[PDB]
Every structure is written in structure tokens, then in C-alpha cells.
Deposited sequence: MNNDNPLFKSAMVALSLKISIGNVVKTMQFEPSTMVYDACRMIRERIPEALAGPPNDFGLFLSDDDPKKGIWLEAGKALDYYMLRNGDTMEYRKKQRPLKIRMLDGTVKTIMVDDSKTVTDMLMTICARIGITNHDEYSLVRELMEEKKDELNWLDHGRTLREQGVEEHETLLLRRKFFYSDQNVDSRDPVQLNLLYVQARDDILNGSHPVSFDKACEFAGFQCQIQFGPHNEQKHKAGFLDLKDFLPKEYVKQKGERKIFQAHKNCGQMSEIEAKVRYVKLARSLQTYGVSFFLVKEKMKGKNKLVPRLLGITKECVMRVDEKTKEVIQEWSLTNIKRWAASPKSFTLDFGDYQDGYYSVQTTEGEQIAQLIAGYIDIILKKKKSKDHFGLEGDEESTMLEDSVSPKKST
């Protein structure tokens, strides 16, 4: 039957659960307390808060949905964050390991500031491995379209948790690839890259070309065509043709192209493979499958939309013919939403070009990125 000298009204103090690893303690804060001073008071009450230099720790407001967890800023008052009695704050190390697959295919773990955006993290990575031009590179997930990361947002809010390894990826440069039979190791790297892009469909090609490529691929993998062993049914066509072309009728066309190679060496076939790829107007282009509205028709028409350093291009989805091309110079503005992408060509044409796609923000950022480059050369 006593009074409690510790009691303060629920309205004048914030009662928060402070979590450090598996330790939790409830402490009382004046609600205008700055985050950095709250960290001090935490160090005075919880021994596990002393597990490192004091400025290495901060406060993190977790959530049942990990995408909604946020780091608190040191200069903000606690009541800025709309906290209520009983809420939980983690006292957390500000840097955390981020696993990144290097350009040599190995994984390196790099400490990054966990409150920052993907761009900031990329900059920390490039700093650690001696890359000055971080704008030549980006981070992508390794899932599977779903691997794209918006570098102006955080990993956390895009659903990337701390366990996930990301890939460091060099962007495409036409100046990167200059073919020659003198350097077999570099020739093979170029061949593998061009072949993989065709087989996985990121370089879209016609059916006839896909079988031509497969003909060189056969020369490379099997040597000269031998009608005793390279007969109907031999090929696992899924390994030689883009998925949309995996049809038995393609094998006859591949074998024709293979035979046409004669006794051509493995090196010479790799040269021809790479040369044929670079000869196509689709080479090096970043493509997106978008849905177009054609005047007259009610069903939208799937179309390949390609973005390069100097143009936007419409490509037929079945034949891969280049239907139309717009210089980046002749685009007045663009817009993206989660469901569409629209281009305004000012007085170069009547009507906007507006398509359905879930990759509109990706398209918009590519266009903006390539336009900024042209500006900086001016």
C-alpha cells in the first residue's frame, strides 16, 4: 500500500523497449530527447550497449514487415518518429556486411552503412576495390525482371534483406568489345557473353539468325559436322536456341549452318559468331516487352522496346525487325508509373507513345542515364 516514486504519467514520458541481440530492457525517455542522447542513456543502463566504440551504434525501429524498418537520425527527437509507449527500438551496429559477387565471380563481403541507399552502398563497394567510375557499374539481385534494383532507394525497402548476396555488374559499352583471333582467352569471353545473351533472350534475334548462331555453336562444341553422328534427334535444342524457338523444325536449319562451316576452326567459328551478333541492329540494346495500343484493335499488341545510348527502338516481337527508331535528341519528356511508360516527342509527331509495362521505371532511368551522358560531353 505504497506510492511509486518512479511513476510518470503516460502522457509526459515515452516508455520504450530497447533490444540488443537477445537482451530487452524497457526504459523511460523524455519525448524530446535527441536520438544521439538516447543512445548515451542506453549505454548507461545496458552493459551490452558497450560492445564497441559508442559512435558505431544507432537506433533502428523495426517492423513486422522488414521493408518498413527504419534507421533513426541522430539529430532528431524521439517524438519526431511518432513513437508510442511499448514500441521497440533496436540498438544496432550502423555498419553491416554486404556480400557482393565480384567481377571475377568470387564473393567479397564489404561493410556498408545500413541506413543508406543502393547508390551509397555501390560507392562504398567501388571505393574498397579501387573503382573510381562507379557510374559504369550497378548492383543487381541474383534471383530467377525481378533482379533490378532502384539505386535511389534502399535495399531494405525493395525487399532485399541482409542475408542476400548481390551482383556487381558492368554496364554495356560498345567500346568494350574489339574482336581478334590473336587473344584466345579474350575471344572466348566475348563469345560466351554474346552466346549467352542470345540463348537467354536478352539479345532478341530472328528464328533464321538463331539457327545460324546455333550452327557456329555446333562447330565450336562438336567440331566439323559429321553426318554419322550429328543426325536427327542428336541436339538438346534447349541448349542451342532461345526458348521461343525450341522447336524440332529448327534442327534441320542448324545442321545446314553447321555443315556450311566446313572444316572451320573453333577460333574462327567464335570470331564469326561474335561478328554476326555485332552485325545486328539489336546488338547491345536493352530490351523490354511492352504492350502497345494499335488504332483499330482492342487487344494490345506485345512489342519489344529497346533503349541504347542514342535511340529508342520498336522491334517486332516475332520477326525482330526494327519497326521504328527515335533519337534520344527528339524526345521531349518521358513518364513512368508502376503500370505504364509514356514518351512525349513534342512536335516531331502527333500523339504520345504510351505502353503498358511493369518495368517503366527501369526504362525511364536508362533513358535519363544515357541523356545525362550526352549532356556531360557538352
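Of the deposited sequence, positions 1, 146-150, 385-411 lack any modelled C-alpha atom.
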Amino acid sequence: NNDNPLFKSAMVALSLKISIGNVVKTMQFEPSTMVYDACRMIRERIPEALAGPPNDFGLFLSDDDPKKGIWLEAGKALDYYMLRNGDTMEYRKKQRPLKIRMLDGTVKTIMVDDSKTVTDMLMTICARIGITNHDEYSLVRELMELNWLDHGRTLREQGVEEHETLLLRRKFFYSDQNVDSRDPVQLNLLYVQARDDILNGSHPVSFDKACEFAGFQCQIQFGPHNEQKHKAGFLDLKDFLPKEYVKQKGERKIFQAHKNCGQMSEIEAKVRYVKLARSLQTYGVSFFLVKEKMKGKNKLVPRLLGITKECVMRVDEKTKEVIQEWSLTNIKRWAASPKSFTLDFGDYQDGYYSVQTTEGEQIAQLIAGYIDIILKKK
From here on, numbers count along this sequence of modelled residues.
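Relative to one another, 147-155 and 262-270 have unequal mean CA B-factors, and 262-270 is the one with the higher figure.
Judged by mean Cα B factor in the deposited record, 225-233 ranks above the other of 211-219 and 225-233. Considering 139, 179, 107, 121 together, the PDB entry gives 179 the largest C-alpha B factor.
Comparing C-alpha B-factors across 204, 306, 130, 302 in the deposited entry, the largest value falls on 302. Looking at the C-alpha B-factors along this chain, the one for residue 19 belongs to the middle third. The entry lists a Cα temperature factor for residue 97 that places it in the lowest third of the chain's modelled residues. For residue 77, the recorded CA B-factor ranks within the middle third of the chain. Only modelled residues enter the ranking. When the CA B factors of the chain's modelled residues are split into thirds, the value for residue 9 lands in the highest one.
When the CA B factors of the chain's modelled residues are split into thirds, the value for residue 45 lands in the highest one.
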